[PDB]
Amino acid sequence: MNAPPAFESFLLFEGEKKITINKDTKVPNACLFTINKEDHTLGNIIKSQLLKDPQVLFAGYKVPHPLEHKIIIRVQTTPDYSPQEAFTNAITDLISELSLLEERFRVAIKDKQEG
Amino acid sequence: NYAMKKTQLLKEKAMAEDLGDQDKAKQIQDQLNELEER
Amino acid sequence: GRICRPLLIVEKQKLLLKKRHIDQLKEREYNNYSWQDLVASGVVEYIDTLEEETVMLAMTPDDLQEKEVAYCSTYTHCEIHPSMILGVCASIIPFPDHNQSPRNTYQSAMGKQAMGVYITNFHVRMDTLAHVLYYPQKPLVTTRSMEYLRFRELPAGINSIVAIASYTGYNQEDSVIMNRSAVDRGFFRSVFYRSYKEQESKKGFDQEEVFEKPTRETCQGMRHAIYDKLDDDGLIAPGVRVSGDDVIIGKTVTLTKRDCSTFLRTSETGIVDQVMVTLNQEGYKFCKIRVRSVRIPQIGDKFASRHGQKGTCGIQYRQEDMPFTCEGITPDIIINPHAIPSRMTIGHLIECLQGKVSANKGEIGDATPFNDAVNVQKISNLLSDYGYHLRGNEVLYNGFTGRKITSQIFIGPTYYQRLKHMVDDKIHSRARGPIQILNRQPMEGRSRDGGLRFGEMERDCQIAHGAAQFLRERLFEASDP
Amino acid sequence: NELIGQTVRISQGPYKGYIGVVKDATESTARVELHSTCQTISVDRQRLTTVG
Amino acid sequence: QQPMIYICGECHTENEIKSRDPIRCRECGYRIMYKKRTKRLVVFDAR
Amino acid sequence: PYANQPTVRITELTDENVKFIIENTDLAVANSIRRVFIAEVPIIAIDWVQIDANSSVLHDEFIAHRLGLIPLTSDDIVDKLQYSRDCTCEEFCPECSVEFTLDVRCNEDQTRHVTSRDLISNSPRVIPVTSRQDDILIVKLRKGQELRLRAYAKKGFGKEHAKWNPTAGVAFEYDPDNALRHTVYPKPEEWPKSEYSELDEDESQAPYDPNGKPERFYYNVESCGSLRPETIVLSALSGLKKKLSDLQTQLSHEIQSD
Amino acid sequence: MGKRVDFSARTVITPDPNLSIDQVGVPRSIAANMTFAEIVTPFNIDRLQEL
Amino acid sequence: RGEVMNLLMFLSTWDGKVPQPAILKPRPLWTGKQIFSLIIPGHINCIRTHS
Amino acid sequence: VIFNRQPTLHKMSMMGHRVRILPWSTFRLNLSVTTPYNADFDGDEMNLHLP
Amino acid sequence: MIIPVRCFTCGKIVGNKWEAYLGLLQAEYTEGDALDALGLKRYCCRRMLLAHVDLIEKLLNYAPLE
Amino acid sequence: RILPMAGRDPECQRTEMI
RNA sequence: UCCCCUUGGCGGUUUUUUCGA
Ligand SMILES: [Mg+2]
Ligand SMILES: [Zn+2]
Ligand SMILES: [Zn+2]
Ligand SMILES: [Zn+2]
């Protein structure tokens, strides 16, 4: 009776932003990004990508509550580079990795199949 | 169709309830056909 | 009324039961050699508890006929098989001698609450409160004695990949994480049927009860309900979706006419499966209506294992989130390790391993208690043959990160049961429901839409709190002003 | 009122192609009990279509 | 627009039992009858 | 700072499973791809069943559910069909769903096997995996029993319901020999060697590797037959790429609103 | 000394470490039945009127 | 840091400042007790005996 | 809300808590709060009273 | 009751093999050999057929609804 | 002894009680 | 320079058995 329909785990309602930017009060150059309708699948990859940024002082993420289809990513960067632009870059390059991998798996298969 | 029980019950009842042995045999002939009939 | 049991007769330190009997009996499928011949021949005897005090009883002839230093030398009987001391619910338990007996008692009790196919004509019956599992299974680890319960043919449970790990903290204090994706696949899914009996009748000379689609222009007592759902007969049609307080049978009693109809019970939300109409003993129209309900196992539903591990579905995680082994094997259920050391249900561990061996071996394992020919070392030997850790632990990779979890998790097929205690049958909330007409206090019980009793021990707790305004509010302003 | 007890198909939103009987109806939303699932969702009447 | 067709038990045959008509199959006269499936729409998600 | 350079190596390729190794990528990326194969890979599955007539003992939801679990030949179909909730036309049409018909009745005395061959489809491209080997046992019918129903298969993904999971079993592994000691064996002599262990049998586990990241992600993606196993991988990379592209889009909205 | 009370609920409990020690994670249906009498006031009239 | 920054995501009262690692070379490593010191609030002073 | 478990032995058997709405039909409670109420999750039920 | 369509744990279709398995079961094959012939090696898949009970055969004994 | 389930017994009751 | 809509919260109860924490 109280099962939320499974689509509520990923479908955004009217007005819900897929991502929400919030400033951190405890430290400078730090934000908490709240992704709605998401889980660990998208969060850990972004976290790991942020760990590659030399201008990221702190980066990690949580799903405030597993029964809540919402996650909280915290980013903290150097004074010359905001956590927001860090997030921008951490999206910009993670997509790049997956796109290049798509091309390499596609060619490795076409070379494997009838070749 | 589900009356196999009805025919079986009718044949079974007649054999003890009827003093003639012929009725049980006549029902037995129907009973053998009943395996396919149901 | 004398309770007795059959026992092997022992005249010398040698059996009365020789190979000729056994040779005849292995062929019992063709020839009917049986107990009658065995007792008539004077090989077996029925000892009663009162008679069991003057008999000297061996446990097995294959060992109690040899000697090192004579212990008895005067046996009179020998146990046929000691595992036969267990009962019906107690005989499904694998490795019961490897569990702390109170846990066994709890499983024995829990074997009575496990959902399953209770009878082959369950689809014919218009009986009240029926539950049948979608896919109950023959246990992978069986006692050779559960074949006689015909549990192989009438199982109540599923061989499930149980992971004994406190995972993500929700698999905690008897609660257990469940595999959401498996549930999608119908894992432990069951259907629940409720049956409604209804008969029209002669209320009296002025009034007589009759099934009819009531209409406002003539029927009194009508409510906001959808009578449109009953067909002109005045009865709901099979295959029509119903919900709490929906009208099921348009019974009407003439005055203009009073609506005495039957509506679906409080909080039910079911679908009419089939509608049977007939005449009762008295020849009045009488009908039984059966409403089916598919019960997807959700969070809070109570599960038990064959070892006394009562536990609620703590949370459900998708297969992507469940931990996985070196291969794509995720546990179906994650149980808390702290539930084991305290309960010492080693039979559970041995079951989870023999089920593992049974699924790898591809044969139904034997978990008869006093086996003596199947022990953990032998089982480990069997498992060690399949390229698996001989003790069953595995390197689980975190479902969230994929990182191996530093501890290799004990994981394997274990026969779990789904108990009837689904949470939706218990969840209850109130705000001005009916009142008992005598003491004008909220009614009692969830069917009557009652209110929770704020007992004396709860009051006393408030007394100790000194929250006198709350105590007064609960006992007056929020109860019966 | 009018569409209580009618069979409506949800023609839009996440519940597109869902069948349910209506238990309430306002100018904007109606409470639809799903014929299939054991839940009763409130949905906009312009998103609803009647099969009857 | 029903004459109120019911399905027998042991006969499995549609029998017309109009209102206030005794529920008995036309054949075998068995007193058990079941209502025919509703003609109302029935759809499931298969989930 | 920038993106690592992933590589791929197909070790085994069948029409049922693919065993391949992905390198020079993060452990998180490799596990995310693992998760995506299971949950975030779209496929077509029966998710709508109108049972016109059923006289079997099995319930309409039971019947529907079993049908829902049937793998459908969807390799090009999922790439062209619209998500069921998303179609702009009213109700359903071939553009957003696949209509099915199953009108079957047992008239012969012997029991009728309601196989997947009995699943009539409005399209020849979408059928249960019965091309070429036994059929999915749906129901067994006695003489005179029938089952007549209309059905639609929807485009969905495994996160919503397992029916949309294209995989049979994914054997994902990294650091086959325990060089990073991410797991520490209490007794290494009790442990079987990995299926991809490229190391001799003398030692139980590889010596500890301190400065070395996880690479050589070994896969065995076995399909349930619905989707070709290599397209599953392409679909997981495209689907994860989609989630990140969608997130970038929503983020652009969240940032440009300055 | 013991009565039945309105605005009281009962449910099966499950563990939940993400909830604070002073918090209760209640189901939506219970809240959908239980109500709390909140007095209207100029400070909250807009809220309660639209509510 | 890749692990620590994941653990600190679950502290409510953490001020957002990473403590100096207990082991700095050859590469920064934090002790569990070091991370645990961030969990302890204010200035607590206690001594107990482990089991 | 004031939360209680039926074998109400002491004052800490009725602590007051803040409500958090969640799906799935159950009264979720914090792990440390399990001990005061002595409330295992094997099928226990707890009463929530709303003032 | 009737063969599950998919393996509960992994998702492999197991509904299209029960008749094949029964054919194999007519012979003296041990329950493990049939799975070996059908190629089901992970124990997650093997548990599906090993533990299945085909009760639908009993369900067919009931009089039919012409 | 077992009678052959024969007779209208309800009628037998009703009629003899007159 | 013929009318016409007018429907809004109904209720068993005792006793015994079984079952949950
Ligand atoms: Mg408990
Ligand atoms: Zn008839
Ligand atoms: Zn369309
Ligand atoms: Zn499997």
# chains A, B, ... in the order shown; residues from 1 in each chain; ligands from 1
$ residues_near_ligand --ligand "ligand 3" --cutoff "10 Å" --atoms "only C-alpha atoms (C1' of nucleotides) and all ligand atoms" --output "PyMOL selection string"
chain F and resi 81-97
$ residues_near_ligand --ligand "ligand 4" --cutoff "6 Å" --atoms "only C-alpha atoms (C1' of nucleotides) and all ligand atoms" --output "PyMOL selection string"
chain J and resi 7+9-10+12+42+44-45
$ residues_near_ligand --ligand "ligand 1" --cutoff "6 Å" --atoms "only C-alpha atoms (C1' of nucleotides) and all ligand atoms" --output "JSON, numbers by chain"
{"I": [40, 41, 42, 43, 44], "L": [21]}
$ write_last_selection --atoms "N, CA and C atoms (P, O5', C5', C4', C3', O3' and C1' of nucleotides)" --output "PDB file, in the first residue's frame"
ATOM      1  N   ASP I  40      13.648  -4.796  19.645  1.00  0.00           N
ATOM      2  CA  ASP I  40      14.253  -5.447  18.497  1.00  0.00           C
ATOM      3  C   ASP I  40      13.322  -5.305  17.287  1.00  0.00           C
ATOM      4  N   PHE I  41      13.831  -5.643  16.104  1.00  0.00           N
ATOM      5  CA  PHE I  41      13.073  -5.525  14.862  1.00  0.00           C
ATOM      6  C   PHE I  41      12.679  -6.873  14.267  1.00  0.00           C
ATOM      7  N   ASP I  42      12.479  -7.881  15.099  1.00  0.00           N
ATOM      8  CA  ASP I  42      12.089  -9.172  14.557  1.00  0.00           C
ATOM      9  C   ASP I  42      10.604  -9.235  14.247  1.00  0.00           C
ATOM     10  N   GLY I  43       9.877  -8.143  14.445  1.00  0.00           N
ATOM     11  CA  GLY I  43       8.438  -8.164  14.287  1.00  0.00           C
ATOM     12  C   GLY I  43       7.767  -7.362  15.387  1.00  0.00           C
ATOM     13  N   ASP I  44       8.554  -6.529  16.062  1.00  0.00           N
ATOM     14  CA  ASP I  44       8.037  -5.597  17.043  1.00  0.00           C
ATOM     15  C   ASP I  44       7.230  -4.466  16.412  1.00  0.00           C
TER      16      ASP I  44
ATOM     17  P     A L  21       7.020 -12.540  17.726  1.00  0.00           P
ATOM     18  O5'   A L  21       7.130 -11.161  18.491  1.00  0.00           O
ATOM     19  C5'   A L  21       7.761 -10.050  17.908  1.00  0.00           C
ATOM     20  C4'   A L  21       7.679  -8.873  18.826  1.00  0.00           C
ATOM     21  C3'   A L  21       8.504  -8.983  20.118  1.00  0.00           C
ATOM     22  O3'   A L  21       9.779  -8.354  19.968  1.00  0.00           O
ATOM     23  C1'   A L  21       6.260  -8.298  20.609  1.00  0.00           C
TER      24        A L  21
END
$ residues_around --residues "residue 13 (chain L)" --least-positions-apart "4" --cutoff "12 Å" --atoms "only C-alpha atoms (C1' of nucleotides)" --output "PyMOL selection string"
chain C and resi 436-438
$ residues_near_ligand --ligand "ligand 2" --cutoff "10 Å" --atoms "only C-alpha atoms (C1' of nucleotides) and all ligand atoms" --output "number ranges by chain"
B: 1-3; E: 7-15, 23-33
$ select_by_dssp --residues "chain D" --states "strand (DSSP E)" --output "VMD selection string"
chain D and resid 7 to 10 18 to 25 29 to 34 40 to 44 48 to 50
$ closest_atom_pairs --of "chain C" --to "chain E" --cutoff "6 Å" --atoms "only C-alpha atoms" --output "tab-separated table"
residue	atom	partner	partner_atom	distance
C:237	CA	E:38	CA	4.9
C:238	CA	E:37	CA	5.1
C:239	CA	E:38	CA	5.8
C:275	CA	E:34	CA	5.4
C:276	CA	E:34	CA	4.2
C:277	CA	E:33	CA	5.2
C:278	CA	E:32	CA	5.1
$ interface_residues --of "chain D" --to "chain C" --cutoff "6 Å" --atoms "only C-alpha atoms" --output "list in words"
residues 5, 35 and 38 of chain D
$ write_last_selection --atoms "N, CA and C atoms" --output "CSV table (one decimal), in the first residue's frame"
chain,number,residue,atom,x,y,z
D,5,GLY,N,-17.7,5.9,-10.2
D,5,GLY,CA,-18.0,4.6,-10.7
D,5,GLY,C,-17.8,4.4,-12.2
D,35,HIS,N,-7.3,-0.6,-11.0
D,35,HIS,CA,-7.9,-1.9,-11.1
D,35,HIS,C,-6.8,-3.0,-10.8
D,38,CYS,N,-3.1,-2.2,-5.8
D,38,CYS,CA,-3.8,-1.9,-4.6
D,38,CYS,C,-3.5,-0.5,-4.0
$ interface_residues --of "chain G" --to "chain A" --cutoff "9 Å" --atoms "only C-alpha atoms" --output "PyMOL selection string"
chain G and resi 18-19+27-29
$ atom_distance --atom1 "CA of residue 195 (chain F)" --atom2 "CA of residue 164 (chain C)"
24.3 Å
$ residues_around --residues "residue 306 (chain C)" --least-positions-apart "3" --cutoff "8 Å" --atoms "only C-alpha atoms (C1' of nucleotides)" --output "count of residues only"
11
$ residues_around --residues "residue 19 (chain F)" --least-positions-apart "6" --cutoff "7 Å" --atoms "only C-alpha atoms (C1' of nucleotides)" --output "PyMOL selection string"
chain F and resi 10-13+219-221
$ write_last_selection --atoms "N, CA, C and O atoms" --output "short mmCIF file (atom, residue, chain, number, x, y, z; two decimals), in the first residue's frame"
data_model
loop_
_atom_site.label_atom_id
_atom_site.label_comp_id
_atom_site.auth_asym_id
_atom_site.auth_seq_id
_atom_site.Cartn_x
_atom_site.Cartn_y
_atom_site.Cartn_z
N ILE F 10 38.30 -7.50 -25.50
CA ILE F 10 37.36 -8.62 -25.50
C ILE F 10 38.15 -9.92 -25.52
O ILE F 10 38.91 -10.18 -26.45
N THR F 11 37.96 -10.74 -24.49
CA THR F 11 38.63 -12.03 -24.33
C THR F 11 37.80 -13.18 -24.85
O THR F 11 38.35 -14.19 -25.31
N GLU F 12 36.48 -13.06 -24.77
CA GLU F 12 35.56 -14.07 -25.26
C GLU F 12 34.32 -13.33 -25.71
O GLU F 12 33.86 -12.42 -25.02
N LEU F 13 33.81 -13.71 -26.87
CA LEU F 13 32.61 -13.09 -27.43
C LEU F 13 31.70 -14.15 -28.04
O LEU F 13 32.04 -14.76 -29.05
N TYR F 219 35.32 -8.89 -16.86
CA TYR F 219 33.89 -9.06 -16.99
C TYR F 219 33.51 -10.37 -17.64
O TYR F 219 34.28 -10.97 -18.40
N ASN F 220 32.31 -10.82 -17.29
CA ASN F 220 31.59 -11.93 -17.90
C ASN F 220 30.14 -11.48 -17.88
O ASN F 220 29.38 -11.83 -16.98
N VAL F 221 29.75 -10.70 -18.88
CA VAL F 221 28.38 -10.23 -18.97
C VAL F 221 27.63 -11.28 -19.78
O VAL F 221 27.82 -11.40 -20.99
#
